[PDB]
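This report refers to the structure that appears directly beneath it.
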Amino acid sequence: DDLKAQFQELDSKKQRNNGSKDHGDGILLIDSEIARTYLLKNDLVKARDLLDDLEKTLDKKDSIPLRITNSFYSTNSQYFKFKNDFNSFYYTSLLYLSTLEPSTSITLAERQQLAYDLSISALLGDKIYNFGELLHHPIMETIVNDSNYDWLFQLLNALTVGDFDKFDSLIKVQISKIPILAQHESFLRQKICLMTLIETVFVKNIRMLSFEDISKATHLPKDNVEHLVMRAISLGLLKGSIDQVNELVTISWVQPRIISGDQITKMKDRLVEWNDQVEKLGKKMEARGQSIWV
Amino acid sequence: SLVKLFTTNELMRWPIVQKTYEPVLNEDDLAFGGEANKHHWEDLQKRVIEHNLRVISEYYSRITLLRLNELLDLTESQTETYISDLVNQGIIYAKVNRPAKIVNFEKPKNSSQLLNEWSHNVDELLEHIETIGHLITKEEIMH
Amino acid sequence: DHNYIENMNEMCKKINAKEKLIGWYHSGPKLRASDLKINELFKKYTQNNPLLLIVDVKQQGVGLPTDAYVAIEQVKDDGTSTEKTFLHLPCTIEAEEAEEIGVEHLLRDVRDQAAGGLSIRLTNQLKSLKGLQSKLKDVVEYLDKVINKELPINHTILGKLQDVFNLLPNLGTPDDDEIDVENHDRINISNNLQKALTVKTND
C-alpha cells in the first residue's frame, strides 16, 4: 500500500517534469501481489474476484511489458492448483508457460514444483494429450534428469507408443510409490485406453474402424471396446456414428492432436498421392478438347 | 453429483444410481422423503432411463434391441413402450423392428439434402490450400 | 521524411475529406523485417494498425499483384517474447464506379477470366485445375523443408492440413452412389435439349 500511494504522488511531478513518464507498470504488478497474499492467507474467494477485475484492466491496455502479464498469470495458475482442479490448473497454466521469461529469474526450484504438478494433471486429464510442449518450455526443459522425472517419463512414453503390456507393468509400482496415483487409479487405467483409440484411427488411411480392429489395437476384448467408444463420443474425443450391424464406428472428426516429426512423414506420403492424381487429370484434359478451347 | 450426472451425456445405470442416492437424497423430506414423495423417487426411474435413451439415439445410428435392453436394465416390453412415447413427443424419431433384431435410431435424410451438403465440404477444402500459400511466403523470410 | 507526411495531410483533407492517412505501400516484392521498423513510424500517424500494401512492380505473379498484411501484436508460445508479426488479409480488388467505367472502354480482352461464353469458361476449367496443381505441389515441398532444411515448424499449416484429411470425402461411401444418380439425370437432359436444337436446324 505504501508503495502504491508513493507512485500516485510521484506522477504529479514526473509526468510533466520528464516530458514523458509511465507509472502504470508498478500499479498492476502490485495488484497481482495483493491477490497472491490473500492466497497464502487462505482467503481463496477474495483472491479470485480481484484477479477477474485485473483481467478487465489488462486487456484495455494495448501494449504491456511481458513481466506484467507473466506475474498475473503466475497468480491465476496458483489459485487453480490450490483448489485441486487438475484440468483447469493445466489449461490456465499454459498461458503462464507461453509468456514465460526465458531468463533464469525463475529459479530452478520453482520450475520443478509447477512441472511435477502439471505432469500429474495430464495423466488425470482425459483428453489432454499435450505432453511434448513441456519439453520446449523452460519449465521442464532444464530438468529431465531428476529421479522424479525418471519414473514419470516412462509413464508418458508408455502412453505415446500405446502399449498396454508396458503401461500395466509401470502402473503397479507407481500406484504404491506415489499415494496421489493410488487414489486416482481408475483415471490412470482409463487414460491409456482413450489415447490409443484417437492415435490408431489417424495413422491408418481409413477413418472408420471395425469394433474387430479396435479390439486388437486396444488389446482389450470387443465387449469392453463397445462401452469405451460410446464414452469417446460423450467427451467429444471423437464424434461420429455407431453401427452395431455393420460393426463399425464411423468418425467424421479427428480432434487436434499435436503433430510430431514422424507424423509429418505420413502426411507427406498422402499428399504425394494427391499430386500425382492432379497431374494425370490435367495431361488427359489438355489432349482432349485440344482443337477447341477458344 | 446428481445434477452433473444428468448434464453429462455419459451413460449411467438405474439400479446402481438408485443405491448411490438411497440413504441421502431419498431421505430428504419434501422432495422424496415424504410418503407421497416416495412415489417421486420411484418416478425418477423413468427420468434416468429416458435420458439415457435421448443421448443413445444421437450417437448410435443403429444399435441392436438386445443390447439396449441390458443398458436400460429393463425387460423388452417396458423398453418397447418408452421408445414409442419419445417418438410421439418428437424429440427423436426412430424405427423399431418387432422380431427384436434392431432398433434403428435415425430420422431419415433425403438424397437432395445429402447431395447439397457434399458441395459445401468441397468448398472448405479449396479455402484450406489458399490460406496455407500466404503463410509459405512468410515462413521462408522467417528463417 | 517526417515533415512531407504532415504537409500532405492538410492538402489531402481539403481535396477530399473522406481520405485519411492509413499507412504505406512498399514496392516489394520481398517481405522484409525492415517493415516492422518502418511500420512503427507510420504507427505514430495512424489510428489503425498500419496497412502494408505490397504492390508488386515487376508483376511476376500475374495473379496476386497485391498482398495485404496488417501489423498485429500476439503472445508467441514456447515461453518466447511477444512478437509483432504480419497476418495476411484479403487484398482482393473491387474497384470504384467512376474508375471502373473508363477501364472497361480501354480493354476488350477475355482477361484471366470473364466467365463469357462456353469457350471462355472451358479454357477456365483447364487453367483452374492447373492453378490448384501448382498450389498443391508447393505444400508437398514445404513439408520436406521442415525436416531437411530445418525451418521452424509453423504449426498453423499443419492444423489446416489435418482439416483437409478429415473433411476429405471417403470413397465406398453410399454418398458416391447418390452422386452418380444426379449425373445420370443431367446427361439425359442434355440429350433432350440436343434433340430440340435438331428441330430448329431442320426448319
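Ordering of the C-alpha cells sets the chain letters (A, B, ...), residue numbers begin anew at 1 in every chain, and ligands are numbered from 1 in the order given.
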Please, which residues of chain C lie no more than 9 Å from chain B when the count uses only C-alpha atoms, and can they be set out as a PyMOL selection string?
chain C and resi 30-33+67+86-88+132+135-136+138-139+142+150-152+154+156-157+160-161+163-164+167-169+175+178-179+182
Which polymer residues have any atom within 10 Å of an atom of residue 68 (chain B), counting only C-alpha atoms, with same-chain residues fewer than 2 positions away left out, as an MDAnalysis selection string?
chainID B and resid 53 56 63:66 70:74 76 79 102:103
If you count only C-alpha atoms, the residue of C:84, C:181, C:186, C:194 closest to chain A turns out to be C:84
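Neighbouring residues of residue 89 (chain C) at 8 Å or closer, counting only C-alpha atoms and skipping chain neighbours under 3 positions away, are residues 68, 69 and 70 of chain C.
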Only C-alpha atoms, please: the residues just picked out, written as a CSV table (one decimal), in the first residue's frame.
```csv
chain,number,residue,atom,x,y,z
C,68,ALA,CA,-2.2,-7.0,-47.8
C,69,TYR,CA,-0.8,-7.5,-44.5
C,70,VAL,CA,-1.7,-5.8,-41.0
```
Would you write out, as CSV, a table of all residues in chain C that have an atom no more than 10 Å from an atom of chain A, listing for each the closest atom pair and the distance in Å to one decimal, considering only C-alpha atoms and ordering rows by chain and rising residue number?
```
residue,atom,partner,partner_atom,distance
C:73,CA,A:63,CA,8.4
C:75,CA,A:99,CA,6.6
C:76,CA,A:98,CA,6.6
C:77,CA,A:98,CA,4.1
C:78,CA,A:137,CA,5.2
C:79,CA,A:98,CA,4.2
C:80,CA,A:99,CA,6.1
C:81,CA,A:99,CA,6.3
C:82,CA,A:99,CA,7.2
C:117,CA,A:294,CA,9.7
C:118,CA,A:294,CA,8.7
C:119,CA,A:294,CA,4.9
C:120,CA,A:294,CA,6.5
C:121,CA,A:293,CA,9.0
C:122,CA,A:293,CA,6.2
C:123,CA,A:293,CA,5.4
C:124,CA,A:293,CA,9.2
C:125,CA,A:285,CA,9.5
C:126,CA,A:282,CA,7.1
C:127,CA,A:282,CA,9.2
C:129,CA,A:282,CA,7.0
C:130,CA,A:282,CA,7.1
C:132,CA,A:278,CA,8.3
C:133,CA,A:278,CA,6.0
C:134,CA,A:275,CA,9.1
C:135,CA,A:275,CA,9.9
C:136,CA,A:275,CA,6.7
C:137,CA,A:275,CA,6.2
C:138,CA,A:275,CA,9.9
C:139,CA,A:271,CA,8.2
C:140,CA,A:268,CA,6.3
C:141,CA,A:268,CA,8.7
C:142,CA,A:268,CA,9.5
C:143,CA,A:268,CA,6.6
C:144,CA,A:268,CA,7.9
C:146,CA,A:264,CA,8.9
C:147,CA,A:261,CA,7.6
C:153,CA,A:261,CA,9.8
C:155,CA,A:259,CA,8.2
C:158,CA,A:259,CA,7.6
C:159,CA,A:256,CA,7.7
C:161,CA,A:267,CA,8.2
C:162,CA,A:256,CA,8.0
C:163,CA,A:254,CA,8.4
C:165,CA,A:270,CA,8.8
C:166,CA,A:253,CA,6.1
C:167,CA,A:252,CA,7.0
C:168,CA,A:252,CA,9.3
C:169,CA,A:252,CA,9.7
C:170,CA,A:207,CA,8.1
C:171,CA,A:206,CA,9.8
```
Taking only C-alpha atoms into account, produce a table as CSV in which each residue of chain B with an atom at most 7 Å from an atom of chain A appears once, together with its shortest atom pair and the distance in Å to one decimal, ordered by chain and rising number.
```
residue,atom,partner,partner_atom,distance
B:9,CA,A:234,CA,5.5
B:10,CA,A:234,CA,5.8
B:59,CA,A:241,CA,5.4
B:60,CA,A:242,CA,4.4
B:61,CA,A:242,CA,5.8
B:62,CA,A:243,CA,4.8
B:63,CA,A:244,CA,5.3
B:64,CA,A:244,CA,6.6
```
Using only C-alpha atoms, which protein or nucleic acid residues come within 9 Å of residue 203 (chain A)? Drop anything in the same chain fewer than 4 positions from it, and give the result as a PyMOL selection string.
chain A and resi 199+263+266
Those residues with C-alpha atoms, as a PDB file, in the first residue's frame please?
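The resulting file, selection_13.pdb, is shown below:
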```pdb
ATOM      1  CA  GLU A 199      -3.880 -42.393 -32.268  1.00  0.00           C
ATOM      2  CA  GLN A 263       3.621 -37.920 -38.298  1.00  0.00           C
ATOM      3  CA  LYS A 266       2.725 -39.859 -43.036  1.00  0.00           C
TER       4      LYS A 266
END
```
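If you look at CA of residue 83 (chain C) and CA of residue 37 (chain C), they are 12.9 Å away from each other.
Taking only region 96-276 of chain A, the residues that DSSP calls strand (DSSP E) from the backbone come to residues 208, 209, 210, 238, 239, 240, 241, 242, 243, 248, 249, 250, 251, 252, 253 and 254 of chain A.
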I'd like the neighbourhood of region 35-50 of chain B as a PyMOL selection string, where a residue qualifies if any of its atoms comes within 9 Å (using only C-alpha atoms), though same-chain residues fewer than 4 positions away should be ignored.
chain B and resi 6+12-15+17-18+26+29-31+54-55+72-73+82-83+86
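Atom pair CA of residue 196 (chain A) / CA of residue 218 (chain A): separated by 6.4 Å.
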Can you pull out every residue within 6 Å of region 69-80 of chain A, counting only C-alpha atoms, but drop anything in the same chain fewer than 4 positions away, and send it as a PDB file with N, CA and C atoms, in the first residue's frame?
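selection_13.pdb written:
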```pdb
ATOM      1  N   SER A  32      -1.372  -7.806  -8.502  1.00  0.00           N
ATOM      2  CA  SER A  32      -1.113  -9.254  -8.574  1.00  0.00           C
ATOM      3  C   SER A  32      -0.657  -9.843  -7.238  1.00  0.00           C
ATOM      4  N   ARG A  36      -2.148 -12.491  -4.552  1.00  0.00           N
ATOM      5  CA  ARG A  36      -1.242 -13.541  -4.173  1.00  0.00           C
ATOM      6  C   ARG A  36      -1.192 -13.676  -2.671  1.00  0.00           C
ATOM      7  N   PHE A  89      -6.097 -26.192 -13.855  1.00  0.00           N
ATOM      8  CA  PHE A  89      -4.737 -25.922 -13.496  1.00  0.00           C
ATOM      9  C   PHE A  89      -3.978 -25.975 -14.767  1.00  0.00           C
ATOM     10  N   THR A  92      -5.084 -23.153 -17.648  1.00  0.00           N
ATOM     11  CA  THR A  92      -4.662 -21.759 -17.288  1.00  0.00           C
ATOM     12  C   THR A  92      -3.079 -21.707 -17.207  1.00  0.00           C
ATOM     13  N   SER A  93      -2.434 -22.767 -16.696  1.00  0.00           N
ATOM     14  CA  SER A  93      -1.023 -22.784 -16.598  1.00  0.00           C
ATOM     15  C   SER A  93      -0.334 -22.644 -17.944  1.00  0.00           C
ATOM     16  N   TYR A  96       0.681 -19.100 -18.687  1.00  0.00           N
ATOM     17  CA  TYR A  96       1.823 -18.698 -17.947  1.00  0.00           C
ATOM     18  C   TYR A  96       2.967 -19.251 -18.678  1.00  0.00           C
ATOM     19  N   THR A  99       4.167 -17.024 -22.022  1.00  0.00           N
ATOM     20  CA  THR A  99       4.667 -15.657 -21.923  1.00  0.00           C
ATOM     21  C   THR A  99       5.903 -15.692 -21.079  1.00  0.00           C
TER      22      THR A  99
END
```
From a DSSP pass on the backbone, collect the residues of region 25-128 of chain B flagged as helix (DSSP H, G or I) and hand them back as a PDB file with N, CA and C atoms, in the first residue's frame.
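Wrote it out as states_5.pdb, contents follow:
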```pdb
ATOM      1  N   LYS B  38     -42.406 -40.564  -1.970  1.00  0.00           N
ATOM      2  CA  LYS B  38     -41.660 -41.786  -2.173  1.00  0.00           C
ATOM      3  C   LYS B  38     -41.882 -42.258  -3.629  1.00  0.00           C
ATOM      4  N   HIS B  39     -43.022 -41.778  -4.214  1.00  0.00           N
ATOM      5  CA  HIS B  39     -43.502 -42.278  -5.481  1.00  0.00           C
ATOM      6  C   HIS B  39     -42.981 -41.296  -6.578  1.00  0.00           C
ATOM      7  N   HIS B  40     -42.062 -40.366  -6.228  1.00  0.00           N
ATOM      8  CA  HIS B  40     -41.453 -39.284  -6.978  1.00  0.00           C
ATOM      9  C   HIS B  40     -40.007 -39.742  -7.058  1.00  0.00           C
ATOM     10  N   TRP B  41     -39.535 -40.523  -6.026  1.00  0.00           N
ATOM     11  CA  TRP B  41     -38.288 -41.315  -6.044  1.00  0.00           C
ATOM     12  C   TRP B  41     -38.376 -42.412  -7.078  1.00  0.00           C
ATOM     13  N   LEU B  44     -38.447 -41.116 -10.601  1.00  0.00           N
ATOM     14  CA  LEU B  44     -37.136 -40.781 -11.066  1.00  0.00           C
ATOM     15  C   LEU B  44     -36.662 -41.865 -11.973  1.00  0.00           C
ATOM     16  N   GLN B  45     -37.120 -43.131 -11.818  1.00  0.00           N
ATOM     17  CA  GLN B  45     -36.782 -44.259 -12.644  1.00  0.00           C
ATOM     18  C   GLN B  45     -36.911 -43.970 -14.122  1.00  0.00           C
ATOM     19  N   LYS B  46     -38.125 -43.549 -14.489  1.00  0.00           N
ATOM     20  CA  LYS B  46     -38.480 -43.061 -15.808  1.00  0.00           C
ATOM     21  C   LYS B  46     -37.538 -42.001 -16.361  1.00  0.00           C
ATOM     22  N   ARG B  47     -37.102 -40.969 -15.595  1.00  0.00           N
ATOM     23  CA  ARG B  47     -36.206 -39.931 -15.943  1.00  0.00           C
ATOM     24  C   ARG B  47     -34.888 -40.358 -16.323  1.00  0.00           C
ATOM     25  N   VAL B  48     -34.370 -41.302 -15.567  1.00  0.00           N
ATOM     26  CA  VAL B  48     -32.969 -41.759 -15.704  1.00  0.00           C
ATOM     27  C   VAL B  48     -32.823 -42.527 -17.008  1.00  0.00           C
ATOM     28  N   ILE B  49     -33.826 -43.427 -17.269  1.00  0.00           N
ATOM     29  CA  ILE B  49     -33.821 -44.242 -18.464  1.00  0.00           C
ATOM     30  C   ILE B  49     -34.184 -43.442 -19.700  1.00  0.00           C
ATOM     31  N   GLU B  50     -35.060 -42.385 -19.669  1.00  0.00           N
ATOM     32  CA  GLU B  50     -35.452 -41.682 -20.872  1.00  0.00           C
ATOM     33  C   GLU B  50     -34.311 -40.818 -21.266  1.00  0.00           C
ATOM     34  N   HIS B  51     -33.405 -40.484 -20.310  1.00  0.00           N
ATOM     35  CA  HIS B  51     -32.298 -39.602 -20.550  1.00  0.00           C
ATOM     36  C   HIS B  51     -31.244 -40.338 -21.291  1.00  0.00           C
ATOM     37  N   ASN B  52     -30.969 -41.589 -20.863  1.00  0.00           N
ATOM     38  CA  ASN B  52     -30.013 -42.469 -21.475  1.00  0.00           C
ATOM     39  C   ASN B  52     -30.512 -42.761 -22.905  1.00  0.00           C
ATOM     40  N   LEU B  53     -31.863 -42.919 -23.138  1.00  0.00           N
ATOM     41  CA  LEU B  53     -32.371 -43.072 -24.434  1.00  0.00           C
ATOM     42  C   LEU B  53     -32.052 -41.935 -25.330  1.00  0.00           C
ATOM     43  N   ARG B  54     -32.145 -40.732 -24.778  1.00  0.00           N
ATOM     44  CA  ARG B  54     -32.109 -39.473 -25.560  1.00  0.00           C
ATOM     45  C   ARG B  54     -30.749 -39.267 -26.121  1.00  0.00           C
ATOM     46  N   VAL B  55     -29.732 -39.470 -25.297  1.00  0.00           N
ATOM     47  CA  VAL B  55     -28.357 -39.463 -25.705  1.00  0.00           C
ATOM     48  C   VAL B  55     -28.043 -40.589 -26.730  1.00  0.00           C
ATOM     49  N   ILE B  56     -28.523 -41.871 -26.530  1.00  0.00           N
ATOM     50  CA  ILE B  56     -28.076 -43.023 -27.215  1.00  0.00           C
ATOM     51  C   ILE B  56     -28.548 -42.900 -28.604  1.00  0.00           C
ATOM     52  N   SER B  57     -29.649 -42.219 -28.817  1.00  0.00           N
ATOM     53  CA  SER B  57     -30.245 -42.036 -30.151  1.00  0.00           C
ATOM     54  C   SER B  57     -29.385 -41.283 -31.130  1.00  0.00           C
ATOM     55  N   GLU B  58     -28.729 -40.199 -30.615  1.00  0.00           N
ATOM     56  CA  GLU B  58     -27.949 -39.391 -31.374  1.00  0.00           C
ATOM     57  C   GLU B  58     -26.699 -40.121 -31.800  1.00  0.00           C
ATOM     58  N   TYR B  59     -26.092 -40.978 -30.903  1.00  0.00           N
ATOM     59  CA  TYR B  59     -24.754 -41.431 -31.101  1.00  0.00           C
ATOM     60  C   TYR B  59     -24.773 -42.617 -31.985  1.00  0.00           C
ATOM     61  N   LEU B  65     -31.468 -54.191 -30.459  1.00  0.00           N
ATOM     62  CA  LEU B  65     -32.512 -54.073 -29.494  1.00  0.00           C
ATOM     63  C   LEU B  65     -32.106 -54.801 -28.263  1.00  0.00           C
ATOM     64  N   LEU B  66     -31.388 -55.919 -28.411  1.00  0.00           N
ATOM     65  CA  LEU B  66     -30.970 -56.770 -27.268  1.00  0.00           C
ATOM     66  C   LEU B  66     -29.994 -56.026 -26.511  1.00  0.00           C
ATOM     67  N   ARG B  67     -29.126 -55.221 -27.192  1.00  0.00           N
ATOM     68  CA  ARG B  67     -28.022 -54.576 -26.445  1.00  0.00           C
ATOM     69  C   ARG B  67     -28.626 -53.570 -25.526  1.00  0.00           C
ATOM     70  N   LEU B  68     -29.666 -52.817 -26.087  1.00  0.00           N
ATOM     71  CA  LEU B  68     -30.377 -51.689 -25.489  1.00  0.00           C
ATOM     72  C   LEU B  68     -31.059 -52.163 -24.231  1.00  0.00           C
ATOM     73  N   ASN B  69     -31.724 -53.307 -24.208  1.00  0.00           N
ATOM     74  CA  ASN B  69     -32.402 -53.869 -23.057  1.00  0.00           C
ATOM     75  C   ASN B  69     -31.498 -54.037 -21.792  1.00  0.00           C
ATOM     76  N   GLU B  70     -30.185 -54.508 -21.958  1.00  0.00           N
ATOM     77  CA  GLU B  70     -29.150 -54.587 -20.941  1.00  0.00           C
ATOM     78  C   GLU B  70     -28.707 -53.265 -20.443  1.00  0.00           C
ATOM     79  N   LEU B  71     -28.558 -52.235 -21.330  1.00  0.00           N
ATOM     80  CA  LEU B  71     -28.099 -50.918 -20.938  1.00  0.00           C
ATOM     81  C   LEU B  71     -29.159 -50.243 -20.115  1.00  0.00           C
ATOM     82  N   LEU B  72     -30.431 -50.425 -20.518  1.00  0.00           N
ATOM     83  CA  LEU B  72     -31.541 -49.753 -19.909  1.00  0.00           C
ATOM     84  C   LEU B  72     -31.956 -50.474 -18.622  1.00  0.00           C
ATOM     85  N   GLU B  76     -37.843 -56.314 -22.231  1.00  0.00           N
ATOM     86  CA  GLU B  76     -38.007 -55.855 -23.570  1.00  0.00           C
ATOM     87  C   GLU B  76     -39.294 -55.049 -23.736  1.00  0.00           C
ATOM     88  N   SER B  77     -40.327 -55.498 -23.027  1.00  0.00           N
ATOM     89  CA  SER B  77     -41.664 -55.000 -23.127  1.00  0.00           C
ATOM     90  C   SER B  77     -41.706 -53.535 -22.600  1.00  0.00           C
ATOM     91  N   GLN B  78     -41.038 -53.285 -21.457  1.00  0.00           N
ATOM     92  CA  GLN B  78     -41.158 -51.947 -20.906  1.00  0.00           C
ATOM     93  C   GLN B  78     -40.453 -51.096 -21.876  1.00  0.00           C
ATOM     94  N   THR B  79     -39.341 -51.604 -22.422  1.00  0.00           N
ATOM     95  CA  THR B  79     -38.435 -50.809 -23.232  1.00  0.00           C
ATOM     96  C   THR B  79     -39.152 -50.330 -24.489  1.00  0.00           C
ATOM     97  N   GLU B  80     -39.963 -51.154 -25.080  1.00  0.00           N
ATOM     98  CA  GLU B  80     -40.691 -51.082 -26.321  1.00  0.00           C
ATOM     99  C   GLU B  80     -41.612 -49.880 -26.073  1.00  0.00           C
ATOM    100  N   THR B  81     -42.294 -49.825 -24.916  1.00  0.00           N
ATOM    101  CA  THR B  81     -43.296 -48.771 -24.652  1.00  0.00           C
ATOM    102  C   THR B  81     -42.627 -47.379 -24.567  1.00  0.00           C
ATOM    103  N   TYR B  82     -41.432 -47.186 -23.893  1.00  0.00           N
ATOM    104  CA  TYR B  82     -40.864 -45.865 -23.626  1.00  0.00           C
ATOM    105  C   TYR B  82     -40.352 -45.278 -24.934  1.00  0.00           C
ATOM    106  N   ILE B  83     -39.845 -46.112 -25.928  1.00  0.00           N
ATOM    107  CA  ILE B  83     -39.346 -45.586 -27.206  1.00  0.00           C
ATOM    108  C   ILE B  83     -40.497 -44.935 -27.863  1.00  0.00           C
ATOM    109  N   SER B  84     -41.746 -45.603 -27.842  1.00  0.00           N
ATOM    110  CA  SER B  84     -42.872 -45.149 -28.570  1.00  0.00           C
ATOM    111  C   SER B  84     -43.379 -43.781 -28.195  1.00  0.00           C
ATOM    112  N   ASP B  85     -43.368 -43.464 -26.863  1.00  0.00           N
ATOM    113  CA  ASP B  85     -43.767 -42.151 -26.299  1.00  0.00           C
ATOM    114  C   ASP B  85     -42.809 -41.088 -26.693  1.00  0.00           C
ATOM    115  N   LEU B  86     -41.518 -41.341 -26.759  1.00  0.00           N
ATOM    116  CA  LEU B  86     -40.488 -40.378 -27.052  1.00  0.00           C
ATOM    117  C   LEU B  86     -40.546 -39.985 -28.536  1.00  0.00           C
ATOM    118  N   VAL B  87     -41.086 -40.828 -29.391  1.00  0.00           N
ATOM    119  CA  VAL B  87     -41.222 -40.512 -30.791  1.00  0.00           C
ATOM    120  C   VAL B  87     -42.406 -39.607 -30.963  1.00  0.00           C
ATOM    121  N   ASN B  88     -43.503 -39.874 -30.238  1.00  0.00           N
ATOM    122  CA  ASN B  88     -44.768 -39.154 -30.280  1.00  0.00           C
ATOM    123  C   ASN B  88     -44.547 -37.704 -29.965  1.00  0.00           C
ATOM    124  N   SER B 111     -31.860 -37.530 -50.238  1.00  0.00           N
ATOM    125  CA  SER B 111     -30.794 -37.588 -51.217  1.00  0.00           C
ATOM    126  C   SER B 111     -30.468 -36.161 -51.580  1.00  0.00           C
ATOM    127  N   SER B 112     -31.453 -35.242 -51.657  1.00  0.00           N
ATOM    128  CA  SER B 112     -31.270 -33.892 -52.107  1.00  0.00           C
ATOM    129  C   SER B 112     -30.485 -33.166 -51.090  1.00  0.00           C
ATOM    130  N   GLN B 113     -30.770 -33.306 -49.760  1.00  0.00           N
ATOM    131  CA  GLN B 113     -30.109 -32.659 -48.640  1.00  0.00           C
ATOM    132  C   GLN B 113     -28.647 -33.144 -48.497  1.00  0.00           C
ATOM    133  N   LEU B 114     -28.504 -34.493 -48.653  1.00  0.00           N
ATOM    134  CA  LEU B 114     -27.183 -35.159 -48.533  1.00  0.00           C
ATOM    135  C   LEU B 114     -26.295 -34.690 -49.689  1.00  0.00           C
ATOM    136  N   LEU B 115     -26.830 -34.569 -50.900  1.00  0.00           N
ATOM    137  CA  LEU B 115     -26.077 -34.109 -52.049  1.00  0.00           C
ATOM    138  C   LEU B 115     -25.720 -32.592 -51.929  1.00  0.00           C
ATOM    139  N   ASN B 116     -26.609 -31.763 -51.322  1.00  0.00           N
ATOM    140  CA  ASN B 116     -26.461 -30.316 -51.265  1.00  0.00           C
ATOM    141  C   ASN B 116     -25.307 -30.023 -50.381  1.00  0.00           C
ATOM    142  N   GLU B 117     -25.222 -30.817 -49.318  1.00  0.00           N
ATOM    143  CA  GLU B 117     -24.219 -30.795 -48.297  1.00  0.00           C
ATOM    144  C   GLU B 117     -22.825 -31.173 -48.768  1.00  0.00           C
ATOM    145  N   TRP B 118     -22.726 -32.168 -49.670  1.00  0.00           N
ATOM    146  CA  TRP B 118     -21.499 -32.603 -50.310  1.00  0.00           C
ATOM    147  C   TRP B 118     -20.767 -31.514 -51.046  1.00  0.00           C
ATOM    148  N   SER B 119     -21.502 -30.579 -51.690  1.00  0.00           N
ATOM    149  CA  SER B 119     -20.849 -29.496 -52.415  1.00  0.00           C
ATOM    150  C   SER B 119     -20.081 -28.568 -51.446  1.00  0.00           C
ATOM    151  N   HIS B 120     -20.692 -28.334 -50.194  1.00  0.00           N
ATOM    152  CA  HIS B 120     -20.082 -27.471 -49.203  1.00  0.00           C
ATOM    153  C   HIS B 120     -18.791 -27.931 -48.586  1.00  0.00           C
ATOM    154  N   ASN B 121     -18.604 -29.239 -48.278  1.00  0.00           N
ATOM    155  CA  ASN B 121     -17.375 -29.825 -47.732  1.00  0.00           C
ATOM    156  C   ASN B 121     -16.273 -29.578 -48.675  1.00  0.00           C
ATOM    157  N   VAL B 122     -16.578 -29.779 -49.981  1.00  0.00           N
ATOM    158  CA  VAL B 122     -15.653 -29.451 -51.021  1.00  0.00           C
ATOM    159  C   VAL B 122     -15.200 -28.002 -51.102  1.00  0.00           C
ATOM    160  N   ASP B 123     -16.108 -26.968 -50.883  1.00  0.00           N
ATOM    161  CA  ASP B 123     -15.802 -25.567 -50.910  1.00  0.00           C
ATOM    162  C   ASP B 123     -14.752 -25.191 -49.848  1.00  0.00           C
ATOM    163  N   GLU B 124     -14.840 -25.817 -48.666  1.00  0.00           N
ATOM    164  CA  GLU B 124     -13.986 -25.604 -47.472  1.00  0.00           C
ATOM    165  C   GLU B 124     -12.559 -26.144 -47.639  1.00  0.00           C
ATOM    166  N   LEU B 125     -12.380 -27.333 -48.302  1.00  0.00           N
ATOM    167  CA  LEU B 125     -11.103 -27.891 -48.727  1.00  0.00           C
ATOM    168  C   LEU B 125     -10.385 -26.855 -49.618  1.00  0.00           C
ATOM    169  N   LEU B 126     -11.069 -26.178 -50.603  1.00  0.00           N
ATOM    170  CA  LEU B 126     -10.454 -25.275 -51.524  1.00  0.00           C
ATOM    171  C   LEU B 126      -9.892 -24.054 -50.854  1.00  0.00           C
ATOM    172  N   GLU B 127     -10.628 -23.584 -49.835  1.00  0.00           N
ATOM    173  CA  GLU B 127     -10.160 -22.486 -48.962  1.00  0.00           C
ATOM    174  C   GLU B 127      -8.861 -22.836 -48.239  1.00  0.00           C
ATOM    175  N   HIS B 128      -8.715 -24.099 -47.776  1.00  0.00           N
ATOM    176  CA  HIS B 128      -7.689 -24.604 -46.863  1.00  0.00           C
ATOM    177  C   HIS B 128      -6.336 -24.438 -47.491  1.00  0.00           C
TER     178      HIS B 128
END
```
One-decimal distance in Å that lies between CA of residue 26 (chain A) and CA of residue 40 (chain A):
21.6 Å
Which neighbours of residue 20 (chain C) fall inside 10 Å, counting only C-alpha atoms, when residues of the same chain fewer than 6 positions from it are skipped, and could you give them as a list in words?
residues 9, 12, 13, 45, 46 and 47 of chain C
